[PDB]
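Have a look at the structure below before the remarks.
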Amino acid sequence: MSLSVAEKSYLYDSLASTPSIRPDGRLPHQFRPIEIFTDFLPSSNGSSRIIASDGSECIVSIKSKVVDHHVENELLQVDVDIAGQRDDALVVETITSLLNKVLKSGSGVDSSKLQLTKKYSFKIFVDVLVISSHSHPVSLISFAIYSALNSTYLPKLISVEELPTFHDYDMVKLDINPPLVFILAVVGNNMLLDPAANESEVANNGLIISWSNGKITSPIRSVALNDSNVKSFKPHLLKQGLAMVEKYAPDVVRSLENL
Amino acid sequence: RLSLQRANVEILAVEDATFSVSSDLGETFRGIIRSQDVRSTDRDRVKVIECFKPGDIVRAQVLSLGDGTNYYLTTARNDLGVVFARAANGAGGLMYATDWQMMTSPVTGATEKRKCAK
Amino acid sequence: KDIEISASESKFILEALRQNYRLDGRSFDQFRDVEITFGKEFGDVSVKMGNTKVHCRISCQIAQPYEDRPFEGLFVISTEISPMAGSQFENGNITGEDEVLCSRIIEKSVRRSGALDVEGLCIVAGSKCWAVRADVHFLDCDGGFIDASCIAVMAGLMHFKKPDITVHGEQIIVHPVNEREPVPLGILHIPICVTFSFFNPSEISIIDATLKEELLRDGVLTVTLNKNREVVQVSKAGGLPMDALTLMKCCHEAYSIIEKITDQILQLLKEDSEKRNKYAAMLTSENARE
Amino acid sequence: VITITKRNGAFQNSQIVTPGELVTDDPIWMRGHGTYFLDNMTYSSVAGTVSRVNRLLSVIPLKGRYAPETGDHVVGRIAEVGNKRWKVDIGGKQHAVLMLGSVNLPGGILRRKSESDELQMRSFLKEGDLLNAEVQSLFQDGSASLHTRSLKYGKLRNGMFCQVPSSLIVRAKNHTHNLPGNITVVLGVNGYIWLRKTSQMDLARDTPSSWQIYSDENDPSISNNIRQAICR
Amino acid sequence: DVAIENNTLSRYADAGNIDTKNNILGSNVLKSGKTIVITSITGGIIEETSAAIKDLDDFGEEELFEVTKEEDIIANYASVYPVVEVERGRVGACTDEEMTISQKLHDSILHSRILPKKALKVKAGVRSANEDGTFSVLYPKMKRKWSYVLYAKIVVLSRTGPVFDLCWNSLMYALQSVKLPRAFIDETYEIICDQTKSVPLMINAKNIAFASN
Amino acid sequence: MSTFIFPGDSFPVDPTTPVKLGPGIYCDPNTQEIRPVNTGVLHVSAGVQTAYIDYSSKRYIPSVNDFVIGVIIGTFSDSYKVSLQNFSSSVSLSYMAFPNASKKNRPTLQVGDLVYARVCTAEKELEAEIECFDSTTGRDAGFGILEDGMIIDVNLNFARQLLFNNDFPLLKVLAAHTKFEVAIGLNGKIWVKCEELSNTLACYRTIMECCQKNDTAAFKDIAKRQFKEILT
Amino acid sequence: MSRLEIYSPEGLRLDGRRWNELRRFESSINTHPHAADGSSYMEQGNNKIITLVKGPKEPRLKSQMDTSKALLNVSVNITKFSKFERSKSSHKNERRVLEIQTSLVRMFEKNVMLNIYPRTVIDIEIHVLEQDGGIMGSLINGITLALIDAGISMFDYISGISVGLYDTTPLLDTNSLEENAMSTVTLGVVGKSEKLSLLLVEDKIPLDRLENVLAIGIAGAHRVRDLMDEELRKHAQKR
Amino acid sequence: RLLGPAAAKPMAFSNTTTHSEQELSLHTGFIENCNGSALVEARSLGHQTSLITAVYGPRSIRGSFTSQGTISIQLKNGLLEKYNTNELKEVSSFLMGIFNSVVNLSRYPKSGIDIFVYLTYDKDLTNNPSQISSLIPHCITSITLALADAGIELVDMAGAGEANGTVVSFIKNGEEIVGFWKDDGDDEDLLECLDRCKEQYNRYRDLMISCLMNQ
Amino acid sequence: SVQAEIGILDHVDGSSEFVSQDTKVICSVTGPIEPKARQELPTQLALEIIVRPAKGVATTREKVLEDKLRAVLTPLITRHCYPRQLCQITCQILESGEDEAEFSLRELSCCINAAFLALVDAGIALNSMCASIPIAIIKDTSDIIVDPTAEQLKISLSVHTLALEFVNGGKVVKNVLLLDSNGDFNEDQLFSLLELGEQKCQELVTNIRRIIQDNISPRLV
RNA sequence: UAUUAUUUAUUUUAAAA
């Protein structure tokens, strides 16, 4: 739902206080309960479904294609499709352009782990289907592509240059370090991790931070969360948010790589 | 646009006699001249077809913001009304104001009733 | 921007149906008299059935086949409707329900059901093939849009002729239409559509409803048969729920119509072929001995 | 820390009647909701339990939105400012209508002529505002007609909004209650709840006009312990 | 009054420092009054097949072709495929103005006989792999044939009236400043254009025209 | 004096004699010359000398003192919304434009009802207005709802010839076969009604066929063959 | 796979079933409670469909409001990964979707009592996660089960079943491989009756063979209604 | 006609056939269609950039009842170095999140402002083989120029700079950050990125006022 | 000699069919009718011009064909006596009668003649009459020919479309509505064909006046 | 100010006297 200007000023004064009074009252580093299903699409090499606390849901499918990397530039393509939105929408093309940067072959994802012959390699097709969304889902999708890439199985290669052949039954597991994306909301001088729906509506600005190989990696953004209260932030808040994810990201990876 | 009880107009200028006026610019305002605000003598029960025509230039003082979408204008003054019109909805000659509710073109000689301003 | 039907007009037409009366004077199982007219160029056909008038235009060009079927030719069809057939149609409304359903039914009847010999349209496998296109122009709308359009396309495909091709090793040369006479397409069977309109005051079904009857309709059914007693395609979605007995009666009644219409197209094509081949008796090369 | 429930392998983890089946063949009945009449017999249109009250035969479906009735202390949000009325989001099948002659106007009546009726309403009751009112009457389609003709109903502020299913609202004499910790709850029968700090009116009226209620200005100083109480 | 700047955006702007990752074969920046016209010309290459009856090696079919063939004067000339983009502060698809100007430029270039088809032929080469001279290209009947395809994009800024005359005059300047990159094949073998060597487009100055309303 | 004329032709009337402008001729607001704009037969009547052109047309243009058959397409607070012809602009029918009207009583007319009215206002820059009783003469007989029956589409020249010219044998040849009641609208509409539907159906088919066959002498054979066919 | 036997003399098909045996039918209700008013996860064979019903609600714009009934909008989203080969979006592939969506709207607008819900709209959002033949029939089953979950009043069930005809032997619930080798008929049977609300024949079938195919089609569709009905009984008694 | 023959292929150039200071030039006010114009050009090392920005506003939105204004920024390809349409709209949403914190939105009720940036020429002269990061600072300076020329209220000037794919936009003489963009780059580096961009921001902050006070 | 029919279509106000050589164009006119919000003109009549090709979809080629056909019919219609109204003029090209990829004058000329006849059948207020002919000059023998065949177009140096405006019995050429010329020509050839065209259009309206009179006269009384 | 209103009408309670 929307929010009235009366309760908007109520949340701003309570969140910006030195004791951050969250709506649900969690800590600025606590996340909401998440349900993640994996391995349910037989036709796909990997699949996952994630259900957020506010009813948000996202489905990821992973297909593969044998391609010559000498002629195929990007070996990892992300195709996002938000329900109720057009394919040429701005809210879709931005996340599509952003997810292809966190999962860029040779950057956030090393192209060596999906190579085959000297001539050929595997191309990963990550298709995203956002069934329901209440806030910016770039962080919820990153969790879904994480659990899907860590459960993906690609056909095993059987090996003068000739076209490659694969075994009939046996398949190898795709071992790739999948980057993670976090959303941070600044409300005055307080930094919040995983902002809710109503929380992201009164925030002064937002932060997007990637995380791969146990460290902060490119890209990172500072996109707004609502056109109403867009406020410039002190550089110490950027450092505080960039340092807060370093303190709690391993707690996420440990709680996310268990599958 | 002429309705039975209102006359939709398009604001082209405004006072700053000096004024201010701006094509593909996309910047234009519009108002509504209600029948109750056409004249001061006998406000109710008038005929806007005999006071305005589509394409006529009207000098009118604003009353207030109508419904956000349109403004509310009035012409219940001697200096407010049609200030530049043409015969047969622009298909004739340049008419000029004469009486308080009569407008005529010199060359063609045709007369048409308006709500003039003089 | 739509058609207004008065309450008295709706009641009169329905009550007339309850008394076995159609305003035009046809029976409930009577198809409108179809009239095929051929233009100058091949593949130019104008169909008139009642006040409904439709004009078709066949064309072809070299195209890339589908990688799933490198040995078949393509078939394209567009059934856009202009305000010419009635101001209720908006120009540029290509995704309308009438436009989509008309294209899909003729596409299934021609391409999918093997009416057009797509394998004969293969030039070079996986590279060169004929893409036979069918353009349909709705001239005057008095109902029976897809019924008239299916007769126009099927008459145009049998009247259309493609440029000739000679196979010379690995080379292939397309003769200009001015040198060699073009070659006709391969038409296996001739599917003809028949649309049924249903009403309820014990239901009444009429064949090939006019525009006025089409607006007071409670349910529509489209069947497509050929003279080979084959059910090419059937489309029924919603409206009055019907059972298998009512459908089979519609199919048997439609077969009596599509069989006569088939013989007419074959006869009207033969008459048009002789009109434009007056001196064809002198130019015969393969002749009998003695 | 995060609690991530993980699953692998699959996609996920009285009389009952279904739509289309026969509930009774007795013509002497009064068909209610979830029930349709056909050929002197009675069939079900939804999936639920059969209800019998006197002669009213109906089927209560499982899942269902809020059905507004006459005299309901509801909490709704303003959707749009329409011609001589408001569209308030109650949570039913349709938006409920709040007529102009059914609220406590600021200056008593409209100050005209100057602006239209609709533009003058947005000055104190814009889109998205949250308030509470009572369903005065119902339309033929089931739409609710609200009214704010008392000091008890007004524009909500100084609190936070939460939503629960409408079926989980136990009926009681009082709609709003005072809670320990200087907090007041507004249990709307439509499922909309408004948790706010106890005000001067609800504390002094439940225990034993002007545009001051249409003001969006929150309370200046709220205790930090009171706001954290609303979260719990 | 008009002011133009040719080859300003072109790949061959500097004869000494020819750009590597440039694509424009020739450009022109025109400004008449307050309207601004920017016109660049990229290009591609297409392989043409020999569908002629001469390859049948039959005298009868060839004689029948020569008798029945009718003269087609404009068939020996090609045209450019322009893309007009008049910036008027709007969003959406192509305006009726942009589409009409593109069609007029195509129809006038074709009828005025600016680009004959023989003037867009590709003198095909074969680059060799001699010993440690890495590569070497040679230029001259060959089997495979090619033809140049010219694409033009026009961006009109600060439009104050009819701009078709300005788009045409800006295109006639850019056409008189394009160079066709020489092409060659290696020794699955697609064609490659030269990195620096190029030949200017032989446009007959007899047929070039200018616009005025 | 009747002659065929074309647009742009010279008007065969001297500018000395004052001539009244009718439908077909146009007075240029600039050059003040009288010139034709339509294609048809020119008519000039030798006190007042009027001139007009009789052109073939099917799109009805509202003109005052015209009897039309309209279809109600919209009910409102104080007026109906009537359509005189498809795709055309709708006309206005006020609730006070009825015999024995009252502001406290809404007329019993719904959408889809056929009304026989009179055009009382036809301003080019405004919406046309109709009424179901003559505001000038007080007439009311014949105006109002056309219950049941069937409406027919004809060109404007066929409808005008049927209402005005008493020599048009269509009405006479129809009475020779069946008794009926007819209402002719100048907007190309003809409403007929008989006791039995079979008679009304034959009247519909005859008026349809007689409209396209301009041979007036063939109306007798049309009704003879049409009424004889429905007997089968 | 490869060259297979469609209907062996031993009465066994290529996937092991028999002529009158359906694929496995696992339906689910209320799978998306916090994202729609009606939810149904349809899993018929390898077909995986998510059907979401959002309504009846106020229309976002008054341009789509009916003062006498509700508006029914069916949106079918066929994912890029529904098949083996990840299909790329084609301009021709959009026409087939519109025909399916229109056929579904016209089908359920006659069975759903839209008069009870005036001035409202009912959005049906469908996501096909995997398809393996008989996709049209499975789409019908998902809509019927999702509308019931949303409490939308209907006259009866609408069961979707697909029947194929191989030589002279009809086969129930055709999969993808069988549709590629025979003619296919999809049916929309209303409840336990023998009345059809949908009949799509997209391939050639002899007229003398169509009578029997419909009989076996409406029969097997009654079995589909039982499987859907039983799922609603178990979900209502356990809650 | 348009598009041309589908069988034609674009030209291919082979790499084996034959072989501190960042210049700036600013202009404003030259498009009659819009209210405020701008033209920024920069040529450093083997990469030349030249783009044009036009501002059409404020435009009164019919029937709108918003309290503050709405900014619409749209990037559009030009004639050289064409980027994908997805990444262009990504920079557009990043730019809109910047100017919504700079442009006085409360001073424009029931109206919107439409920005049009045309990347007319993005030359690159590298010897032998995200590239969009080198244009974000130049686009921010171009919009602020055209927004100031259009008489639109802007709370302080806005500029940015690049530091190996790291783009940071400052305000109040670098006191507060209004935008953050970083593609590729390395790790640990952050203090030197904010420093190299801040000195580049002050270089652009005063050069924009130079051409704005002359002419 | 040319063929033309009137009132062929039922569900429109006015229709026509014009034939020349092999070019066939069917045109329909409906108006005055209710215009769209983006179409209405406050003082005069709005036109909706639509021409559709015989093959394929409507491309940008027919867009400039609409713009030229619009420039001819707009001064030919008394737009001011239909304020806030719409007129839908739709031309359907049945056969092109020429090489569509090379020439489009034989279709433009027929659309003008078909639209004018359809406007007469509809009853729209026309300020005058109109005639249109295609003109070409042959390469070898620079001879001006009126209404050239399809083969003569492929052997021509320049092609021309002349649309004139006739008043007073079809004898006084009031103005030159449209003269569209493409190819190679100089000032002497222009006035040579312009003078030749003025007398070929003059006998066209004389034949058009006879065509429409043979149809409208049996309708009226 | 719903026995109020919307004009090419988004009113969805116009019934009683």
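Ligands are numbered from 1 in the order shown, residues from 1 within each chain, and chains are lettered A, B, ... in the order they appear in the structure tokens.
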
Which residues are close to residue H:127, i.e. within 10 Å by only C-alpha atoms (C1' of nucleotides), leaving aside same-chain residues fewer than 6 positions away? Reply as a short mmCIF file (atom, residue, chain, number, x, y, z; two decimals) with N, CA, C and O atoms, in the first residue's frame.
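What follows is the written file part-v2.cif:
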```cif
data_model
loop_
_atom_site.label_atom_id
_atom_site.label_comp_id
_atom_site.auth_asym_id
_atom_site.auth_seq_id
_atom_site.Cartn_x
_atom_site.Cartn_y
_atom_site.Cartn_z
N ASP E 19 41.89 6.77 -37.64
CA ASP E 19 41.34 6.14 -36.45
C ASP E 19 41.15 4.65 -36.67
O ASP E 19 40.79 4.20 -37.76
N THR E 20 41.38 3.87 -35.61
CA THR E 20 41.26 2.42 -35.68
C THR E 20 39.83 1.97 -35.40
O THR E 20 39.22 1.27 -36.22
N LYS E 21 39.28 2.36 -34.25
CA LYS E 21 37.94 1.92 -33.84
C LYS E 21 36.85 2.89 -34.25
O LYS E 21 35.88 3.10 -33.51
N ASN H 15 42.98 -5.81 -37.36
CA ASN H 15 44.06 -5.18 -36.62
C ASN H 15 45.43 -5.46 -37.23
O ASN H 15 46.42 -4.85 -36.80
N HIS H 19 49.61 -1.79 -39.47
CA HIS H 19 50.47 -1.76 -38.30
C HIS H 19 50.43 -3.09 -37.55
O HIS H 19 49.43 -3.42 -36.92
N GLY H 46 43.72 8.99 -25.78
CA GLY H 46 43.06 8.50 -26.98
C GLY H 46 41.58 8.26 -26.79
O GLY H 46 41.07 7.20 -27.17
#
```

For this session: Using only C-alpha atoms, determine which residues of chain H fall within 7 Å of chain E; present them as an NGL selection string.
Result: :H and (1-4 or 7-14 or 17-18 or 31-33 or 56 or 124-125)

Using N, CA and C atoms, can you write the selected residues to a file as an mmCIF file, in the first residue's frame?
```cif
data_model
loop_
_atom_site.group_PDB
_atom_site.id
_atom_site.type_symbol
_atom_site.label_atom_id
_atom_site.label_comp_id
_atom_site.auth_asym_id
_atom_site.auth_seq_id
_atom_site.Cartn_x
_atom_site.Cartn_y
_atom_site.Cartn_z
ATOM 1 N N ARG H 1 13.320 4.302 -48.052
ATOM 2 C CA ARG H 1 13.374 3.034 -47.334
ATOM 3 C C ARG H 1 14.219 3.160 -46.070
ATOM 4 N N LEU H 2 14.350 2.058 -45.336
ATOM 5 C CA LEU H 2 15.116 2.049 -44.098
ATOM 6 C C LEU H 2 15.679 0.652 -43.873
ATOM 7 N N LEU H 3 16.593 0.556 -42.903
ATOM 8 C CA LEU H 3 17.249 -0.690 -42.511
ATOM 9 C C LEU H 3 18.127 -1.257 -43.625
ATOM 10 N N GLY H 4 17.577 -1.406 -44.828
ATOM 11 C CA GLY H 4 18.342 -1.868 -45.961
ATOM 12 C C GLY H 4 18.255 -3.368 -46.159
ATOM 13 N N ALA H 7 20.640 -9.194 -45.991
ATOM 14 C CA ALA H 7 21.782 -10.053 -46.280
ATOM 15 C C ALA H 7 23.115 -9.322 -46.199
ATOM 16 N N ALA H 8 23.106 -8.008 -45.992
ATOM 17 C CA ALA H 8 24.343 -7.250 -45.903
ATOM 18 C C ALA H 8 24.927 -7.334 -44.499
ATOM 19 N N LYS H 9 26.257 -7.344 -44.430
ATOM 20 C CA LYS H 9 26.968 -7.412 -43.167
ATOM 21 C C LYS H 9 27.782 -6.142 -42.950
ATOM 22 N N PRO H 10 27.899 -5.674 -41.709
ATOM 23 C CA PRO H 10 28.687 -4.464 -41.453
ATOM 24 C C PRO H 10 30.165 -4.693 -41.724
ATOM 25 N N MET H 11 30.860 -3.600 -42.030
ATOM 26 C CA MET H 11 32.269 -3.679 -42.387
ATOM 27 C C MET H 11 33.106 -4.158 -41.207
ATOM 28 N N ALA H 12 34.133 -4.948 -41.509
ATOM 29 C CA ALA H 12 35.042 -5.489 -40.506
ATOM 30 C C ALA H 12 36.447 -4.986 -40.799
ATOM 31 N N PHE H 13 37.062 -4.343 -39.811
ATOM 32 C CA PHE H 13 38.421 -3.833 -39.925
ATOM 33 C C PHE H 13 39.361 -4.733 -39.136
ATOM 34 N N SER H 14 40.422 -5.193 -39.790
ATOM 35 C CA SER H 14 41.387 -6.082 -39.163
ATOM 36 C C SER H 14 42.492 -5.283 -38.485
ATOM 37 N N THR H 17 46.734 -5.213 -40.721
ATOM 38 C CA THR H 17 46.692 -4.819 -42.126
ATOM 39 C C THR H 17 47.792 -3.834 -42.492
ATOM 40 N N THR H 18 48.050 -2.841 -41.648
ATOM 41 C CA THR H 18 49.114 -1.871 -41.867
ATOM 42 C C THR H 18 50.096 -1.798 -40.708
ATOM 43 N N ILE H 31 19.852 25.898 -28.753
ATOM 44 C CA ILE H 31 18.719 25.147 -29.284
ATOM 45 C C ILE H 31 17.458 25.956 -29.014
ATOM 46 N N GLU H 32 16.731 26.297 -30.080
ATOM 47 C CA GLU H 32 15.516 27.091 -29.940
ATOM 48 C C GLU H 32 14.315 26.268 -29.497
ATOM 49 N N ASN H 33 14.344 24.950 -29.700
ATOM 50 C CA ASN H 33 13.208 24.122 -29.308
ATOM 51 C C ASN H 33 13.063 24.062 -27.792
ATOM 52 N N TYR H 56 13.716 20.387 -21.672
ATOM 53 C CA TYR H 56 12.375 20.827 -22.050
ATOM 54 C C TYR H 56 11.523 20.854 -20.785
ATOM 55 N N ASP H 124 37.264 7.031 -29.535
ATOM 56 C CA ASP H 124 38.224 6.261 -28.751
ATOM 57 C C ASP H 124 39.370 5.862 -29.666
ATOM 58 N N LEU H 125 40.593 6.233 -29.288
ATOM 59 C CA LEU H 125 41.752 5.997 -30.141
ATOM 60 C C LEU H 125 42.801 5.135 -29.450
#
```

Problem set entry | Selection: 6 Å around residue A:80, only C-alpha atoms (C1' of nucleotides), excl. self and same-chain fewer than 4 positions, as a ChimeraX atom specification | /A:96,127-128

File of the preceding selection, N, CA, C and O atoms, as an mmCIF file, in the first residue's frame:
```cif
data_model
loop_
_atom_site.group_PDB
_atom_site.id
_atom_site.type_symbol
_atom_site.label_atom_id
_atom_site.label_comp_id
_atom_site.auth_asym_id
_atom_site.auth_seq_id
_atom_site.Cartn_x
_atom_site.Cartn_y
_atom_site.Cartn_z
ATOM 1 N N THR A 96 18.484 -5.465 -15.371
ATOM 2 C CA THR A 96 19.096 -6.340 -16.366
ATOM 3 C C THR A 96 20.526 -5.909 -16.668
ATOM 4 O O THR A 96 21.429 -6.749 -16.761
ATOM 5 N N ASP A 127 17.919 -16.842 -16.387
ATOM 6 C CA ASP A 127 16.622 -16.223 -16.621
ATOM 7 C C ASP A 127 15.929 -15.991 -15.289
ATOM 8 O O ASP A 127 15.782 -16.921 -14.489
ATOM 9 N N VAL A 128 15.504 -14.751 -15.054
ATOM 10 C CA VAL A 128 14.878 -14.345 -13.802
ATOM 11 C C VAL A 128 13.409 -14.042 -14.062
ATOM 12 O O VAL A 128 13.064 -13.406 -15.065
#
```

Exercise. Where in stretch 75-205 of chain E does DSSP assign helix (DSSP H, G or I), given as a PyMOL selection string?
Worked result: chain E and resi 75-76+96-111+117-120+164-175

Just C-alpha atoms for this one: save the residues we selected as a CSV table (one decimal), in the first residue's frame.
```csv
chain,number,residue,atom,x,y,z
E,75,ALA,CA,17.8,-0.8,-62.2
E,76,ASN,CA,21.5,0.1,-62.7
E,96,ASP,CA,5.7,11.0,-39.6
E,97,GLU,CA,8.2,13.7,-40.4
E,98,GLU,CA,11.2,11.5,-39.8
E,99,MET,CA,9.7,8.7,-42.0
E,100,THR,CA,8.7,11.0,-44.8
E,101,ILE,CA,12.1,12.6,-45.0
E,102,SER,CA,13.9,9.2,-45.1
E,103,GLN,CA,11.7,8.1,-48.0
E,104,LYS,CA,12.2,11.3,-49.9
E,105,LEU,CA,16.0,11.1,-49.5
E,106,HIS,CA,16.0,7.5,-50.7
E,107,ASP,CA,13.7,8.2,-53.7
E,108,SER,CA,15.6,11.4,-54.8
E,109,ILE,CA,19.1,9.8,-54.5
E,110,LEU,CA,17.8,6.9,-56.6
E,111,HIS,CA,16.1,8.9,-59.4
E,117,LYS,CA,25.5,0.1,-59.0
E,118,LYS,CA,28.9,-0.3,-60.8
E,119,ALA,CA,30.3,2.5,-58.7
E,120,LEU,CA,29.6,0.5,-55.5
E,164,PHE,CA,14.0,18.3,-45.7
E,165,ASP,CA,16.0,20.8,-47.8
E,166,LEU,CA,18.6,21.0,-45.0
E,167,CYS,CA,18.8,17.2,-44.7
E,168,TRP,CA,19.4,16.8,-48.4
E,169,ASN,CA,22.0,19.5,-48.7
E,170,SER,CA,23.8,18.0,-45.7
E,171,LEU,CA,23.8,14.6,-47.2
E,172,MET,CA,25.1,15.8,-50.6
E,173,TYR,CA,28.1,17.2,-48.7
E,174,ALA,CA,28.8,14.0,-46.7
E,175,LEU,CA,28.5,11.9,-49.9
```

For this session: Tell me, as a ChimeraX atom specification, which residues lie within 6 Å of stretch 32-41 of chain G, counting only C-alpha atoms (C1' of nucleotides); anything in the same chain fewer than 6 positions away does not count.
Result: /A:55 /G:49-54,142,145-147,149-150

Problem set entry | stretch 7-167 of chain I: residues DSSP assigns to strand (DSSP E or B), reported as a PyMOL selection string | chain I and resi 14-20+23-33+45-52+77+85-95+126+129-138+144-146+156-167

Problem set entry | Distance in Å - atom CA of residue A:227 versus atom CA of residue H:113 | 13.4 Å

For this session: Write out as an MDAnalysis selection string each polymer residue whose atoms come within 12 Å of residue C:91, counting only C-alpha atoms (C1' of nucleotides); drop sequence neighbours fewer than 3 positions from it.
Result: (chainID C and resid 80:88 94:96 99 138) or (chainID I and resid 48:52 58 88:90)

Same residues, N, CA and C atoms, saved as a short mmCIF file (atom, residue, chain, number, x, y, z; two decimals), in the first residue's frame:
```cif
data_model
loop_
_atom_site.label_atom_id
_atom_site.label_comp_id
_atom_site.auth_asym_id
_atom_site.auth_seq_id
_atom_site.Cartn_x
_atom_site.Cartn_y
_atom_site.Cartn_z
N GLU C 80 -5.06 -7.40 -41.70
CA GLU C 80 -5.40 -6.12 -41.11
C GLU C 80 -6.68 -5.58 -41.72
N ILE C 81 -7.43 -4.82 -40.91
CA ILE C 81 -8.73 -4.29 -41.32
C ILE C 81 -8.67 -2.77 -41.24
N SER C 82 -9.02 -2.11 -42.34
CA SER C 82 -9.01 -0.66 -42.44
C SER C 82 -10.40 -0.12 -42.15
N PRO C 83 -10.53 1.20 -41.94
CA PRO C 83 -11.87 1.78 -41.75
C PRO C 83 -12.74 1.69 -43.00
N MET C 84 -12.18 1.16 -44.09
CA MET C 84 -12.95 1.03 -45.32
C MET C 84 -14.11 0.05 -45.15
N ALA C 85 -13.89 -1.04 -44.42
CA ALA C 85 -14.95 -2.01 -44.17
C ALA C 85 -15.94 -1.56 -43.11
N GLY C 86 -15.78 -0.35 -42.58
CA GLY C 86 -16.65 0.15 -41.54
C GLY C 86 -15.89 0.99 -40.53
N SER C 87 -16.45 2.13 -40.14
CA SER C 87 -15.75 3.04 -39.25
C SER C 87 -15.60 2.50 -37.83
N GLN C 88 -16.21 1.35 -37.52
CA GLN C 88 -16.00 0.76 -36.20
C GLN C 88 -14.60 0.16 -36.06
N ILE C 94 -3.73 -3.99 -35.25
CA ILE C 94 -3.31 -5.27 -35.82
C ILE C 94 -3.51 -6.41 -34.83
N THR C 95 -3.48 -6.13 -33.53
CA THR C 95 -3.60 -7.15 -32.50
C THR C 95 -5.04 -7.37 -32.06
N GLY C 96 -6.02 -6.96 -32.87
CA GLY C 96 -7.40 -7.17 -32.51
C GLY C 96 -7.80 -8.63 -32.55
N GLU C 99 -8.66 -9.85 -36.05
CA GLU C 99 -7.49 -9.98 -36.91
C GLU C 99 -6.66 -11.20 -36.54
N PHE C 138 -9.86 -6.36 -46.15
CA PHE C 138 -11.28 -6.37 -45.81
C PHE C 138 -11.92 -5.13 -46.42
N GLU I 48 -8.66 12.22 -42.22
CA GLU I 48 -7.87 11.03 -41.91
C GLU I 48 -7.60 10.33 -43.23
N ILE I 49 -6.39 10.50 -43.76
CA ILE I 49 -6.00 9.95 -45.05
C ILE I 49 -5.23 8.66 -44.81
N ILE I 50 -5.66 7.58 -45.46
CA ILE I 50 -5.05 6.27 -45.31
C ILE I 50 -4.97 5.63 -46.69
N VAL I 51 -3.76 5.28 -47.12
CA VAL I 51 -3.56 4.51 -48.35
C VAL I 51 -2.81 3.24 -47.98
N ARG I 52 -3.29 2.10 -48.49
CA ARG I 52 -2.73 0.81 -48.16
C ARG I 52 -2.22 0.12 -49.41
N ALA I 58 1.68 -1.50 -44.73
CA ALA I 58 1.88 -0.10 -45.09
C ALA I 58 3.24 0.36 -44.60
N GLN I 88 -13.00 10.35 -42.91
CA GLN I 88 -12.07 9.24 -43.09
C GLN I 88 -12.00 8.89 -44.57
N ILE I 89 -10.86 9.18 -45.19
CA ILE I 89 -10.62 8.86 -46.60
C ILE I 89 -9.60 7.73 -46.64
N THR I 90 -10.04 6.56 -47.09
CA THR I 90 -9.19 5.37 -47.12
C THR I 90 -9.09 4.87 -48.56
#
```
